[PDB]
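Chains as they are written, first to last, in PDB author numbering: chain I, 1 to 156; chain J, 1 to 156; chain A, 1 to 156; chain D, 1 to 156; chain B, 1 to 156; chain F, 1 to 156; chain E, 1 to 156; chain G, 1 to 156; chain H, 1 to 156; chain C, 1 to 156.
Even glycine gets a Cβ: it sits at the ideal position worked out from N, Cα and C.
This report concerns only the one structure given below.
There are 10 protein chains.
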Amino acid sequence: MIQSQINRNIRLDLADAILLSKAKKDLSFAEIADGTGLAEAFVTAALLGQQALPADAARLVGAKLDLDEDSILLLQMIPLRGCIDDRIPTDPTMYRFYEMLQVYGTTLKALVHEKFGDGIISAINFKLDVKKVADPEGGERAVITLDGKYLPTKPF
Amino acid sequence: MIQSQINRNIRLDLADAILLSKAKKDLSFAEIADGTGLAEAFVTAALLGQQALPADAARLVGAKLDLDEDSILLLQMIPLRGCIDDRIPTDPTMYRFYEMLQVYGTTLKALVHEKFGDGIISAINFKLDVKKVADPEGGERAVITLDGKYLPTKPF
Amino acid sequence: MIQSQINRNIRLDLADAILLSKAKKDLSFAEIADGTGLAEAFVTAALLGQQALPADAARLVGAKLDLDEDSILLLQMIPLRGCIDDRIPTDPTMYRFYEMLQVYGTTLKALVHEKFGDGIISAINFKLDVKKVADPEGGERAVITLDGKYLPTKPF
Amino acid sequence: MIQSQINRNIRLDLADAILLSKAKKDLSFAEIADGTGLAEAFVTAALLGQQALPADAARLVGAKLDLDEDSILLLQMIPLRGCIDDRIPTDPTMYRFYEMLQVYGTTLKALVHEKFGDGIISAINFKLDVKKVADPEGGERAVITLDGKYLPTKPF
Amino acid sequence: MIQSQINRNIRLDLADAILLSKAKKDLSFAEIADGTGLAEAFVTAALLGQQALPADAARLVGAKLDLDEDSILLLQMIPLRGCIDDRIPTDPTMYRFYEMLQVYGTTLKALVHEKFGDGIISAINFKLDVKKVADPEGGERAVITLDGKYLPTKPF
Amino acid sequence: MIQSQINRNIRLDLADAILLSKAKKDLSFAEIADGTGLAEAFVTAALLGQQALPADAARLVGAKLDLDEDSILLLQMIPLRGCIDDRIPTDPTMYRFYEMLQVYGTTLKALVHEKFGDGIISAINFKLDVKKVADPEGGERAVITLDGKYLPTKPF
Amino acid sequence: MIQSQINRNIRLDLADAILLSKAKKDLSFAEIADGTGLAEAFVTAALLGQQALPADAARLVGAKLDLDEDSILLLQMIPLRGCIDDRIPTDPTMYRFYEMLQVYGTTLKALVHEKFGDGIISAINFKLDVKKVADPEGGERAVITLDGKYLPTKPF
Amino acid sequence: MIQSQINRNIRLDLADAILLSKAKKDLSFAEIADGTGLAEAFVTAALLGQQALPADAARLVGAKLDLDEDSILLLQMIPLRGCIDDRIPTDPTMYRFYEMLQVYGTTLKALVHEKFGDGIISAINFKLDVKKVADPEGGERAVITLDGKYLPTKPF
Amino acid sequence: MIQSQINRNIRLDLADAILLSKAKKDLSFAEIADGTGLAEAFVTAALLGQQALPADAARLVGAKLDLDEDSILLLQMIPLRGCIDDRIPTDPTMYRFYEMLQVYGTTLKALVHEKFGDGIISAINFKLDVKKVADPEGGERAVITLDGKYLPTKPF
Amino acid sequence: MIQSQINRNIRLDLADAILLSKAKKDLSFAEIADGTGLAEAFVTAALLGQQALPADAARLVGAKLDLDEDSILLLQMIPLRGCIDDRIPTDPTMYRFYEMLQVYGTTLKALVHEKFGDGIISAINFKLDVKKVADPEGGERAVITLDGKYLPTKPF
């Protein structure tokens with residue numbers, strides 16, 4: 001895939017159409033990703049404009065959601081990524097993950113440098129997963145796993 | 001503990017002094033937290049101004065770092081939280097975690113509502129930890145676990 | 001119960017259409033919410049794009065307002081919340097509530113930590129109501145009640 | 001009082017000194033306000049730079065906190081109000097009150113105009129209080145009451 | 001009037017249409033307001049989306065401007081106020097009034113507190129007028145009178 | 001006067017010192033200005049860093065406030081004007097004047113062009129004053145007069 | 001002319017249409033302005049939404065550009081001025097003029113106060129022009145002349 | 001000269017000290033620049049932190065202003081340029097030059113492309129001059145000349 | 001070419017259409033530029049709204065992408081340049097180039113002044129190239145060459 | 001190295017002191033880096049607070065610049081990176097590199113995806129250098145080479 005986007009609004013408009021079709025058909029993201037061979041977080045992100053689907057997966061989810069051919073092609077385009085409207089989310093569900101950075105951002109930096117050295121934990125060589133578990137004191141919890149390659153910053 | 005701060009600069013200035021002392025003694029955050037019964041991420045966050053230490057822990061880490069009595073008291077105050085200088089990090093290590101929100105923020109929202117319902121994953125009823133693991137293709141990875149309670153949004 | 005939105009403009013455009021229909025029909029928010037079993041602040045918030053209506057309530061208000069089927073479905077979707085155009089309200093009525101935060105925000109923090117401890121008052125496990133009362137000096141007052149669960153912040 | 005301030009940093013620096021003295025003396029805001037005849041929310045706000053104390057209350061809390069005469073005078077000055085560092089709070093405790101505005105701001109506007117008419121609920125002819133109540137399902141809740149006069153916008 | 005708007009663009013789009021019709025008919029704001037019983041500044045502000053007209057005045061000016069019935073209804077709705085595109089005006093005529101705040105804003109505060117006390121001068125219980133007068137040195141001057149109620153801030 | 005400033009903090013720090021001296025001496029702005037031959041709004045603005053005092057007036061107010069020689073010189077310097085900390089006021093008293101621009105800014109533009117023509121009302125060839133008047137319905141009002149030269153915009 | 005605009009988008013949309021017509025007809029700004037009796041900088045600014053044309057000139061340029069009747073009228077309205085999309089230009093050609101302000105803005109202030117006194121150089125009693133001259137060292141230079149009246153700031 | 005700065009506050013603090021010395025000595029910028037062989041706008045800009053002086057000129061203005069050795073050296077360093085506190089000036093005198101860009105920025109672009117072609121007018125190969133002249137209508141005007149090299153943009 | 005744009009959205013909308021046609025036709029940017037005699041970076045920038053194509057190249061790429069006559073004309077107009085949506089990129093691929101400025105921006109300034117003197121490296125007299133090279137440790141690297149003329153800042 | 005910083009001002013204050021000593025000693029960055037075995041861009045960046053020096057190079061440059069022991073230790077700490085004061089540079093020399101991104105950022109994205117695929121060019125596994133060459137048309141040019149590892153974005 002050598003084709004890429006420069007205006008996020010094209011794929012975000014498509015995302016809105018996908019969400020409408022998905023709601024009318026009573027489909028879940030887990031159902032849509034099933035059979036693609038790809039993780040639900042990756043497929044969902046592609047539907048929402050933040051990843052590119054391989055052609056086979058694009059045709060499959062296109063069949064499930066009754067998408068037209070321009071849409072199936074758009075899902076294969078490399079996106080102009082960035083899902084937040086204006087830098088800081090307003091939505092409470094999204095905001096909690098930003099607050100996590102406001103409270104723990106320097107702790108994550110400190111502990112990364114302590115355990116790995118100078119450098120970064122990759123957001124590119126990167127997997128994420130959302131797992132629902134029981135809360136042992138009542139209710140439910142989400143265990144969200146961020147799994148990224150350590151890339152060292154070395155002198156030259 | 002009923003005492004709280006309203007100006008983050010007081011505790012962040014203390015954090016800079018702590019970091020200098022820690023560098024001069026060749027201490028790690030794992031060693032500073034050792035013997036507190038508290039997770040390294042929680043003790044580190046407190047040192048960096050983002051949590052309150054119980055009195056027993058504030059005296060333990062305060063002895064290790066050779067802190068004066070006013071500083072050991074400050075560490076026990078409830079902070080004015082927010083570690084990012086101006087909303088979006090400039091530091092590459094910190095920025096990568098913001099970038100995962102730009103790429104996956106709407107996917108996190110979508111999968112939380114799918115698995116749990118309307119509501120949020122808490123940043124308060126919340127734990128995190130950082131683990132180093134080997135990458136089978138060579139090198140190292142960080143597995144960062146965000147573990148938060150689901151709190152529902154219900155009609156009233 | 002698992003479908004959600006990522007672009008607030010869809011539900012906010014629907015809100016504008018609802019307000020036009022509401023004005024044409026000379027309806028109040030109290031009357032629209034009547035018979036839903038739900039509080040007027042919750043139903044109003046849903047009409048304005050900030051909550052999800054259960055199906056029976058969506059169908060009832062949809063009948064009152066002569067909404068089409070796509071609109072009745074939209075009202076049941078979990079919203080991308082955030083009603084303020086650009087972070088700070090321009091509208092005087094809305095701005096006074098922001099001004100209360102500018103004057104009393106640190107006092108609210110200080111008194112919450114004094115009476116409850118470290119942690120937050122929830123905006124999720126949360127009820128709001130607006131009541132009109134007599135001003136004992138002449139005129140009228142609004143008594144606005146913010147009723148939120150205390151969630152503690154404890155070491156881990 | 002005809003004297004007023006134009007730079008919030010003077011009173012906010014004083015607030016930081018007050019908070020340290022209060023912490024060293026193991027004092028609550030409730031007992032600092034005790035004996036003033038003034039509500040805890042009002043006295044607390046004055047300490048934090050957001051209200052002016054009358055001279056008798058300023059002398060009383062100044063004695064409790066071992067404040068010098070310049071500081072006791074400063075507490076009587078009419079402040080340059082605004083407690084939020086940079087428009088949107090970073091602190092989770094403070095942020096939840098901003099989030100209430102992002103979710104319910106337009107509902108508050110709508111219900112105010114429905115019950116009272118065109119105009120505003122005053123942030124000046126205004127008082128607030130924080131009460132702790134038991135949650136029947138377990139835990140505690142804060143009932144925060146915002147009590148403001150309705151001021152109409154009338155044609156002229 | 002109990003109906004209100006939440007999206008300023010509806011009434012501001014109407015204002016643009018009003019302005020085009022007004023220019024085609026070679027009408028002034030003084031003549032549009034003539035016969036309404038209302039001050040030109042109030043009627044003008046309503047046309048520009050910043051006030052609500054009573055039903056009688058709405059039908060009068062709507063006849064003068066050939067507005068459709070939806071538009072005459074819209075002029076009666078309580079607006080989402082805020083006429084500045086993005087917080088600070090770009091237009092020189094409007095900017096000069098902002099500049100008077102940058103130069104005299106703290107003087108206005110100081111003199112209000114000196115003559116009246118703690119509190120505010122209202123923007124709600126408030127009237128505005130613009131008068132043209134001859135300058136004795138040649139040319140003309142605008143005398144703009146801001147007439148607002150004093151609302152005191154007192155302890156509670 | 002040919003000397004001018006480029007960093008507003010110098011004169012604003014002096015204003016803070018002036019305000020403390022003024023409070024300790026129980027002085028009003030009206031009595032500080034008495035004997036200068038200059039309007040209270042102009043002298044007050046100069047003390048607050050927004051105008052330059054003529055030498056005789058600078059020496060008179062410097063004697064009343066017991067200012068040092070460098071301070072009396074600074075008051076004569078042409079300032080780097082701009083009294084608002086960060087573009088929009090946080091203080092309620094100051095904010096109300098910004099709110100009058102948000103509500104009436106386009107009405108002021110429209111009526112200026114109607115009565116005078118294209119161009120501006122000057123903030124430079126400009127006088128302002130604040131008058132206290134009784135409200136016939138009870139209480140007090142501020143009548144604030146903005147008196148500016150019309151400067152026309154003509155083709156070239 | 002007593003008619004004015006409040007939303008720059010109306011005239012800026014017209015400017016885009018004018019520029020398309022101008023491109024299709026292979027016209028220059030110099031020849032559009034020829035026959036108007038007005039300077040090319042003034043007519044060009046009017047086409048671009050930043051000045052109002054007299055009726056005769058609006059009819060003339062409207063004939064050259066094949067403009068409809070509403071467009072010819074809009075060109076005669078007093079604009080809502082402000083040509084920069086979002087405060088600071090992105091375009092390199094426009095940005096250089098902003099950079100001259102970042103480098104020389106305080107020098108312009110200093111030299112204006114030195115030569116003239118307290119006050120401003122007008123942007124209203126103002127004209128500019130652009131001239132091409134040969135660079136003796138090779139190539140070409142632009143000599144851009146800004147010509148504004150000095151307006152003094154005097155005590156009152 | 002190969003030494004350069006990265007933090008504008010160092011040279012801007014020096015500028016404030018220069019301004020104080022200049023005021024105490026009753027010197028003008030034209031007087032200070034006399035004998036340097038350099039234009040008053042260039043020398044003034046250097047004093048204000050926006051240009052670097054050659055060694056001989058730095059020593060000369062240092063004598064005139066009684067500057068210490070570190071200050072004379074600082075004036076020779078290549079600056080971190082940018083004189084505006086926060087992107088848009090608040091000061092009326094400097095704001096007018098920004099307004100000149102808001103009104104004429106797109107006209108300057110259009111006329112530069114018409115007279116020269118694609119490319120820019122330089123802010124680097126660039127001279128600035130401020131001239132006081134008589135206003136034939138009465139009073140005084142500033143003729144400010146911006147003289148920049150045209151640099152073309154051509155395909156490669 | 002003397003025609004220029006002032007609204008970037010027109011050429012950016014054209015870019016979106018070009019990218020769709022390119023994707024449907026399975027074309028690369030290298031293929032589109034082949035035969036123009038122009039560098040792939042220059043032609044690609046023109047397609048994306050950031051350069052102007054000569055007429056011959058516009059017709060050639062227009063035939064390849066099946067563009068209408070209005071589009072082929074638009075590609076020849078001088079653009080309103082600026083490809084970033086809102087100042088800082090959200091897309092990871094473009095963000096990395098912004099991060100190189102956050103890490104090395106002051107080093108680039110320092111080394112430019114050391115090697116060349118006071119002045120700039122041009123973004124106008126400027127060439128850009130992207131090359132793929134093998135990494136001898138495995139994988140691939142991009143070597144991106146920025147080639148700009150040094151323009152000196154000299155006294156005048 | 002496991003010690004890291006959280007407040008950039010510490011290392012940036014050290015950078016200012018380094019620059020003063022460097023200027024007093026008439027040192028260049030090339031000769032400060034001589035004998036460290038490290039590229040001049042890397043050593044310069046460390047001095048300016050954006051990289052960490054190994055112990056040997058820290059002692060070696062610290063001797064050349066006559067740094068105390070706390071400073072030599074600081075240079076070895078992992079920095080809080082980010083050299084731009086407020087997101088967009090004001091300085092012309094650094095602004096040009098930002099402008100390169102405003103003109104070519106989307107072209108860099110497009111060509112990276114075409115030559116490499118989905119993913120990024122690393123700013124971490126990354127080196128840069130600045131070379132001075134002759135301009136064959138006359139003058140001098142900078143050739144700035146950005147050399148970064150391609151990191152692919154792959155489905156998971």
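- Item | Beta-carbon contacts of residue 82 of chain J that lie in its chain and below 7 Å, excluding the five residues immediately before and after | 8
- Item | Span of the alpha helix (DSSP H) around residue 62 of chain G | 55-65
- Query: Got a sec? Which residues, its chain only, sit under 6 Å from residue 147 of chain B by beta carbon, not counting five neighbours each side?
  - Reply: 127
- Taking DSSP as the reference, what is the three-state secondary structure of residue 38 of chain F? The answer is coil: DSSP assigns residue 38 of chain F none of H, G, I, E or B.
- In terms of residue numbering, what span does the alpha helix (DSSP H) encompassing residue 129 of chain F cover? It is not in any alpha helix (DSSP H) - residue 129 of chain F instead sits in the beta strand (DSSP E) that spans 119-134.
- Less than 7 Å separating the beta-carbons of residue 141 of chain A and residue 115 of chain D? no
- Going by other Cβ atoms of all chains shown within 10 Å of its Cβ, with 16 needed for buried, is residue 17 of chain F buried or exposed? The C-beta of residue 17 of chain F has fewer than 16 other C-beta atoms within 10 Å across all chains shown, which makes the residue exposed.
- Query: Excluding five sequence neighbours on each side, which residues of the same chain lie with their C-beta closer than 7 Å to the C-beta of residue 11 of chain H?
  - Reply: 5, 49, 74, 79
- Message: Which residue wins for smallest C-alpha separation from residue 154 of chain F, given the options F:135, F:134, F:58, F:113?
- Response: F:113
- Would residue 120 of chain H pass as a contact of residue 84 of chain G if the rule is Cβ separation under 7 Å? no
- Message: Am I right that residue 61 of chain I and residue 36 of chain I are in contact with their C-beta atoms under 8 Å? What's the rounded C-beta distance?
- Response: 7 Å
- residue 89 of chain H and residue 117 of chain C look like a contact to me (Cβ under 8 Å); what is the Cβ gap, rounded to whole Å? Not quite, the Cβ-Cβ distance comes to about 19 Å (not below 8 Å), so this is no contact.
- Alpha carbon to alpha carbon, how far is residue 2 of chain B from residue 26 of chain A? 9 Å
- Closest to residue 107 of chain C by CA distance: which of H:93, H:107, H:102 is it? Among H:93, H:107, H:102, the Cα nearest to that of residue 107 of chain C belongs to H:93.
- Query: On the three-state DSSP scale, how would you describe residue 32 of chain D?
  - Reply: In the structure shown, the three-state DSSP call for residue 32 of chain D is helix.
- Item | Close beta carbons around residue 152 of chain A, own chain, < 6 Å, minus the five adjacent residues each side | 117, 119
- Just reading off the beta strand (DSSP E) that residue 49 of chain H is part of, what are its end residues? Element bounds for residue 49 of chain H: n/a, residue is neither H nor E.
- Task: Using a Cβ-Cβ cut-off of 7 Å, state whether residue 59 of chain F counts as contacting chain G.
- Result: no
- What is the DSSP secondary structure of residue 155 of chain A, reduced to helix, strand or coil? coil
- Message: Going by DSSP, what residue range makes up the alpha helix (DSSP H) through residue 19 of chain H?
- Response: 8-24 is the span of the alpha helix (DSSP H), which, as asked, contains residue 19 of chain H.
- Message: Quick check on residue 45 of chain A - is its C-beta less than 7 Å from some C-beta in chain B?
- Response: no
- Three-state class that DSSP yields for residue 82 of chain D in the structure shown: coil
- Hey, could you find the ends of the alpha helix (DSSP H) residue 96 of chain E is sitting in? 92-115
- Query: Can you tell me the Cα-Cα spacing of residue 111 of chain F and residue 133 of chain G, whole angstroms?
  - Reply: 35 Å
- Span separating the alpha-carbon of residue 145 of chain J from that of residue 13 of chain C: Answer to the nearest angstrom: the Cα atoms are 36 Å apart.
- chain L contact residues for residue 22 of chain C, given Cβ-Cβ distances below 8 Å: No chain L is part of this structure, whose protein chains are labelled I, J, A, D, B, F, E, G, H and C.
- Message: Cutting at 8 Å between CB atoms, please list the residues of its own chain near residue 41 of chain D, excluding the five before and the five after it.
- Response: Excluding sequence neighbours, residue 41 of chain D sits near 127, 128, 129, 130.
- Query: Listed from N- to C-terminal order along the chain, which residues in the region 107-134 of chain G have their beta-carbon within a distance smaller than 8 Å of any beta-carbon of chain H?
  - Reply: Taking 8 Å as the Cβ-Cβ cut-off against chain H, the residues of the region 107-134 of chain G that qualify are 109, 110, 113, 114, 117, 118, 119, 120, 122, 124, 125, 127.
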